[PDB]
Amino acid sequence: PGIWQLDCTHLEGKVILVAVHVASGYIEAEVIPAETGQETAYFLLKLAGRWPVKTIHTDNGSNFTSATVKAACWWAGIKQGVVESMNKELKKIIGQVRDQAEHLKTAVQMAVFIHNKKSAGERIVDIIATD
């Protein structure tokens, strides 16, 4: 309901931060300059401002040890194979549309759109609203 999994993946020497709403498979993603606490914190603030984020999961717990990330979670009131499949599907879609944009970040957002419409977007709206 309020559980999100956040992980970073690397592509073309850039870092893609991927958040998956576990119950629906819905994704939000950003291309970030480096895999740093400051970027993770800022991403969390944005995420928490639009969805009711209760709990964050990750495949790399050390991701969430910086004072900056701890601050974001404190302020927003957050605590610590669906996700694997959603990440798999996203990487595949990026591959499929990559040639249609100059910038990786553009391909990433095209892939997020395709994924969420193919839905995960309808399902998250349903879960948060009925809950």
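Residue indices: 1-based, along the sequence shown.
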| query | finding |
| --- | --- |
| Continuity check for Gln80 and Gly81, given as deposited residues lacking coordinates between them | 10 or more |
| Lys118 to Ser119: deposited residues without atomic coordinates | 4 to 9 |
| 119-127 or 18-26, whichever carries the higher mean Cα B-factor | 119-127 |
| Segment of higher mean CA temperature factor, 30-38 or 56-64 | 30-38 |
| Largest Cα B-factor, entry values, listed residues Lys88, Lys105, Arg50, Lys70 | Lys88 |
| Third of the chain's Cα B-factor distribution that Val112 belongs to, per the entry | lowest |
